[PDB]
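Residue numbers (our numbering), protein chains in the order written: chain A, 474 to 503; chain B, 27 to 61; chain C, 932 to 1066; chain D, 46 to 379; chain E, 33 to 485; chain F, -14 to 326; chain G, 145 to 222. Each residue gets a CB set at the ideal place from its N, CA and C atoms; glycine is no exception.
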Ligand code: CLA
Ligand code: CLA
Ligand code: CLA
Ligand code: CLA
Ligand code: CLA
Ligand SMILES: CC1=C(\C=C/C(C)=C/C=C/C(C)=C/C=C/C=C(C)/C=C/C=C(C)/C=C/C2=C(C)CCCC2(C)C)C(C)(C)CCC1
Ligand code: OEX
Ligand SMILES: [Ca+2]
Ligand SMILES: [Cl-]
Ligand SMILES: [Cl-]
Ligand SMILES: [Fe+2]
């Protein structure tokens, strides 16, 4: 079966869309 | 002050201009004529 | 072909005779075809009544037959159904109805004589078009 | 200080992870409703009858279809251009069968895509920058105007005009070629040359910096590393990159100063696509690309085949096959 | 000390951005607009002077592809009855009165740009205007608004006094009739503004029964006058002084918005409306022609002896007369989208519910179908160059339907003016904030702000 | 010097057009196939290849003018002017094909001569090339559409025809006969080009949004001596701008430019390996699912089965008129017509 | 910097460039006008004249049928 296979890889892509916004490293100037 | 007349670019710009306005003329001639 | 004279022969009158048509009256017959014979007779199809095509498979079958161009300038003088039963000069451009259809004022008999000669020269030079258009 | 200035002074503040400021006050609610409704209509929306007769066409992942084949599957032909909200439906089953959740992710999305275009202005005033990036975002917000709203207004109903989905985007294009002929149209043909130039000018200027970069590292590490973010010295010498692309084409063919070059990367794709987005806005009113069919012809008067009728013999076949039930009358001018 | 002139290096502006030498020059900016208003007036006569002498009065008005002569025939300069044109001489004199009025509007834009004074302001204390003496800048809007509302009352004195405006809802097709009662009552005309902008309701576009148009310019004339003598007598308020930027460009960047706002709506008056723009002069809209395609095939199959109703289509639905979602019996097929159609023909087929079948049989007269047969072949469907109908049809007739041929040509311009409004508002907000030329070297404003993370 | 070094001191001079020691393969083969193409649009024609009038001489106004193809019954033979078919005759040559053979071949041989050229100037100024690396986008499109697509299929009639509308036929060829949309190798290429078109638009904006204004003037294009080591855009305000609006931001000024190289070059390379699947027509038009209950079940109603009947609208409508090689003629009730249209 | 040859703005401001282009640009333009008004392009290049597409014996849209001797087939058609 297949219907949960799309929703898995969709919301696992959407989880990195949350993580890269919040847990971006701070750029430091030098 | 003394600048040469012919160079490589005199042959570079005449090629694709001597076949340009000879073809411009061809297009005009083709356009006047009818079926 | 060069569009010679003897492929531009077609019977101009009822059932007995033809005539030869020169080149320049066809092109103003083409010009009046693209002005007044135009919005409902592109490619020979009739857009408002969809099976009254100008194909000579179907132009012969409307009685009395519409291949004679003296009959065909009479059938723009007096338009009709396929049987000649009632006039449809309510619903058709004509010279009988010029007060209804105002585009037919700047026209003559000979300005209809060449567009009648134009409209059946076109299926003499092509087979699919002036027909279903998709054959 | 003041109770309302504590708000008006929090929301316009720079130190937040995203800018919530005044264009965001319309944006952040009315785009996130279109986010929540998009994930739910992609998954479990009941089918919606695009054709306007009866036929409920499915585009949700619970109903057996792939993520390529899924859609929001836009609203019905029977509502037309009516405002059909969730409350003028008698029930939500009446809503979702008859084109409900498409208009919820159009009027919420088009509001939320315009206030982003105001929000990109608003921080550029709230910092020291010169504010000319809302005009740069006026190009793919216009593509959101055309095929979502502007083309669906002038064509008639809200039925035609989705990109919503993947295959429904490809179904929408092939009918817009079929119905009214995208291809031989001089705003779309000007528009794709902006994108194809913008394809090249990304790969050209992005190469020529990465070419002419100075040495600051050794071969074993990355060359993306040795300098620090925020430095004032330019990492690549602009005089070396100019006399290489100059040496390639000719000397005055290349931009001597880089500040004029970056205007040209922000000109050629951005002037291009809002000609292509003003193709579809011109296509909204059935002002189509020109037909060269039956153009050349023998002195006999026999037709001569071109490429254009060979496009048309492909174009008539999608027109004679699309919307295979709904046409009762011999012209598709609806 | 200054008085450099017009070069690159005195003003900081180049050969492009080729006006901004005239932001602060008051006098030569007047020579910009008067040469420009002479140029708008020059097109306004010479298009009609080209439209006449490419006109034929026997052929209908939309056929020859002309867009100004249907503007004139709405006011009714010599249209007889039903959309026939009886006299073309008022169409000729209205353009020569614009062709000669461009030359005296052309002398001003060359005197005030070349020979006249550069310092417009410094004079007899009238014009001057420092884009910042607010009390003076409201008087410019006050001088225009008592003239804008006086041009607004020039339509009603055309309609109620000189002959009359054209009316498509007239019995007997359409005819000029002198309107004797426009509506003053604001619960239906200001109630147009409070309506939905969607199908059905139609916010400013569906404005049928022509005596509400003449009621508009009574009510728009008596507000622009009362707005005009507001801005002479008073100043802007306290909140308006601190909410609206207040300088040259921007003080000119607000005209790109409400404008782009104007020709959005004017790209829908020419697309959906059938009473401010008549279909006998402009041609039919998209809603009209698709009802007309279904209508001529109905009365054909009514005359071919076939019970209309009892006909299911190819789909289960009714081929001719199905029902809309809210009960009004409408035309079938793909014409469910234009079920809100309210043209002049088939309004004698409207019953109490809708298209009523007591009168859909035995009350089709031969005038009604031949109008709809005309609009079916004249649908808005064209090419770039000329060729009408659908594209898979060959090129026969050439017809672009100047409803459709005008709707896009404002929508190119209405979209573009929303751009340069937004583009001028950038240079506006960086005019009074001083970073129009970019950020500073030393006092960078980002470094005062703290870290994000 | 020697015998060869005197020649290498010639072609690496500072002439105004740089001729290049790799340019002797370019400059013959790039003036031909530009000027070989420019006679094929005007003078030489089709109508002996596949029955079409595609020249300025027959009178089509450039949006359907193209030097076409050879015929379908002719195979993959390189019509060579002096070849078997050619028989040393200009006429017929072009009339039966040529050109497109000629132009295609010479164009293919040049594109080598241009990518050899930008490698050659890159050593002369010592510059570390990536333009030749970023020309592998453009050379893999040409050799896998105009060259390696027809050699999988039948002979070069099915290759695209050189014109604006001759390409437009080849577009609607690949919709109907192959479904070149919705196979995934094409769809990365739309992510390549449209992703490439943003990243030059969004990078063209911010260098004109963060400026120093060193001059006392107004025009922003001035005050920029090329021999200037201090950098003209901010990157500290631009990172502060895009960390707030989009939430993600380029936190170093290099790899902002490497990403603009990478995003359309790997777009075309994924697009280049799709049409080599189309060359042997491994199309992936069919889904293994979503078709059996398009057969058993009329209640299963989706966009993909709506889209797959549109491609049947291509393959039986234009194919008698596109290919008159087989003389396909159709009796007008075998064609798929949906309804009244 | 400089390149060694004469710049273009110093070329077209010379009278010597335009005495050699008053009878040369309309010389080469009229040479293109005689290429089709004499109909040399109909015979040198292979185009059909727009009265000699279809003959009396041929109406069936001419196509190359055999691969090996295409020239012979073309000659057969006319
Ligand atoms: C009511 C309209 C209006 C007015 C009066 C102004 C006034 C001004 N604008 Mg402006 N602008 C507007 C609308 C307006 N704007 C809109 C809507 C746009 C978006 C398109 C622009 C875009 C624009 C640019 C791009 C910029 C300005 C600038 C300026 C200033 C200098 C103008 C100058 O030098 O011209 C310059 C004129 C030219 C360079 C000529 C260009 C001609 C174009 C290319 C023609 C376009 C095609 C045209 C239809 C012809 C077709 C022919 C056909 C045969 C093909 C001046 C204050 C500048 C500024 O900020 O200064 C303060 C600036 O840099 N304008
Ligand atoms: C609607 C179009 C329009 C109008 C009305 C103007 C008007 C003006 N521009 Mg302008 N401009 C325009 C478009 C326009 N521009 C465009 C598209 C560009 C970009 C190329 C520019 C670029 C530009 C620059 C860079 C400058 C101006 C300046 C000026 C002003 C003074 C001109 C001057 O001193 O030279 C006088 C010019 C002449 C004496 C030459 C003779 C030309 C004649 C007068 C033209 C009219 C002849 C006409 C056919 C006869 C009419 C017949 C009669 C019976 C009425 C003037 C108000 C200048 C300014 O700011 O003033 C200080 C300036 O610096 N403009
Ligand atoms: C937008 C239009 C406009 C504006 C605001 C101005 C403004 C000005 N002009 Mg001017 N002018 C214009 C257009 C304009 N002009 C045109 C089109 C021309 C060519 C005919 C001239 C020719 C012109 C000359 C030759 C002179 C001026 C002068 C002046 C200045 C002093 C005004 C004065 O004392 O007049 C006095 C005003 C009157 C005696 C009242 C007469 C009013 C008119 C004729 C009656 C008609 C009004 C009309 C019915 C209103 C509706 C218009 C309708 C037809 C559309 C002033 C700054 C003078 C100047 O620059 O100073 C040296 C000057 O000598 N103007
Ligand atoms: C086009 C002509 C014109 C122009 C340019 C102006 C310009 C101005 N007027 Mg003015 N005025 C005019 C006509 C005009 N007026 C007329 C005809 C009248 C008579 C009714 C008035 C009555 C008038 C008074 C009574 C006042 C002004 C004021 C002002 C100033 C600021 C406007 C403001 O902040 O309101 C902008 C409006 C808002 C910020 C409120 C939002 C309005 C709605 C809710 C926004 C939604 C609009 C929506 C997008 C479109 C749908 C339309 C409708 C359904 C709502 C400005 C100088 C003010 C001023 O400075 O005092 C002198 C003021 O108090 N005017
Ligand atoms: C703004 C109100 C308004 C509206 C809705 C109309 C509408 C109409 N007029 Mg009309 N007119 C107006 C003002 C208006 N006019 C004024 C002020 C004048 C005098 C110059 C005229 C003079 C006039 C004539 C002489 C004729 C018309 C005609 C017409 C009809 C067709 C033309 C058309 O498409 O109009 C397009 C309408 C618009 C583009 C107006 C949109 C403006 C929106 C609704 C408001 C924008 C506000 C703006 C942004 C400022 C903000 C306010 C600020 C204080 C904040 C149409 C019903 C013609 C017709 O067919 O009648 C028989 C005709 O003959 N009118
Ligand atoms: C007769 C007529 C009519 C009537 C009436 C009228 C004339 C009306 C008008 C009315 C009006 C009178 C309207 C108005 C409107 C308004 C507007 C359009 C405004 C706008 C503005 C804006 C939107 C802005 C705002 C703001 C913001 C947002 C921010 C800043 C601040 C401010 C506040 C400024 C009609 C239509 C029926 C039709 C015909 C004609
Ligand atoms: O349905 Mn969807 O769609 Ca694009 O067209 Mn018009 O209406 Mn139908 O047509 Mn051809
Ligand atoms: Ca006549
Ligand atoms: Cl379909
Ligand atoms: Cl139908
Ligand atoms: Fe940069």
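- In this model, residue 941 (chain C) and residue 949 (chain C) are separated by some 6 Å (Cα to Cα).
- Contact check for residue 99 (chain F) against residue 120 (chain F) passes: the beta carbons are separated by less than 9 Å.
- As a beta-bridge residue in DSSP terms, residue 287 (chain F) pairs with D:103.
- From the beta-carbon of residue 410 (chain E), the residues of chain C found nearer than 8 Å are 970.
- Every alpha helix (DSSP H) stretch that sits fully inside the stretch 67 to 126 of chain E and reaches 4 residues is listed by chain position as 80 to 83 and 101 to 107.
- Near ligand 8, meaning a beta-carbon closer than 5 Å to one of its heavy atoms, we find C:1037 and C:1038.
- For ligand 4, no non-hydrogen atom lies closer than 8 Å to the CB of residue 1049 (chain C).
- With respect to chain G, the C-beta atom of residue 954 (chain C) has no partner C-beta closer than 9 Å.
- When the five nearest sequence neighbours on each side are left out, the beta carbons in the same chain lying within less than 8 Å of the beta carbon of residue 279 (chain E) are those of 163, 164, 460, 463 and 464, in order along the chain.
- With contacts defined by Cβ atoms closer than 9 Å, residue 68 (chain E) and residue 281 (chain E) do not form a contacting pair.
- Around the beta carbon of residue 991 (chain C), fewer than 16 other beta carbons sit within 10 angstroms, so the residue counts as exposed.
- Between residue 58 (chain D) and residue 66 (chain D), the CB-CB gap stays under 9 Å.
- For residue 43 (chain F), no CB of chain C lies under 9 Å from its own CB, so it is not counted at the interface with that chain.
- Under the Cβ distance rule, residue 37 (chain F) counts among the residues neighbouring chain D, one pair being separated by less than 9 Å.
- Between the beta-carbon of residue 56 (chain F) and that of residue 81 (chain F) there is about 7 Å, and that keeps the pair under the 8 Å contact cut.
- Beta-bridge partners assigned by DSSP to residue 354 (chain E): E:362.
- If you check the C-beta of residue 189 (chain E) against ligand 3, you find no heavy atom less than 8 Å away.
- For residue 184 (chain G), no chain F residue has a C-beta closer than 8 Å to its own C-beta; the minimum C-beta separation is roughly 10 Å.
- Excluding the 5 residues flanking it on each side, residue 66 (chain E) has same chain C-beta neighbours closer than 7 Å at 137, 140, 141 and 144, in chain order.
- Within the stretch 374 to 388 of chain E, no residue has a Cβ lying closer than 7 Å to any Cβ of chain D.
- Burial state of residue 60 (chain D) is exposed, judged by a 10 Å Cβ sphere holding fewer than 16 other Cβ atoms.
- None of the residues of the stretch 195 to 223 of chain E has a beta carbon lying less than 9 Å from any beta carbon of chain D.
- Less than 9 Å separates the beta-carbon of residue 220 (chain E) from that of residue 244 (chain E).
- Per DSSP, the continuous alpha helix (DSSP H) segment holding residue 315 (chain D) begins and ends at 313 to 328.
- Check the Cα spacing between residue 89 (chain E) and each of E:367, E:110 and E:73: the tightest is with E:110.
- Nearest Cα to residue 231 (chain E) within the set D:110, D:72 and D:127: D:127.
- Contact annotation: the stretch 198 to 207 of chain D touches the stretch 369 to 385 of chain E, with at least three C-beta pairs closer than 8 Å.
- Set against 8 Å, the gap from the CB of residue 75 (chain E) to the closest heavy atom of ligand 2 is not smaller.
- Close CB contacts of residue 27 (chain F) within its chain, under the 6 Å cut and outside five residues either way in sequence, are with 41 (chain order).
- Closer than 7 Å at the C-beta level to chain B, one finds these residues of the stretch 162 to 177 of chain G: 169, 172, 173, 174, 175, 176 and 177.
- If you ignore the 5 residues before and after residue 301 (chain F), its C-beta comes within less than 8 Å of the C-beta of 315, 319, 320 and 321, all in its own chain and listed in chain order.
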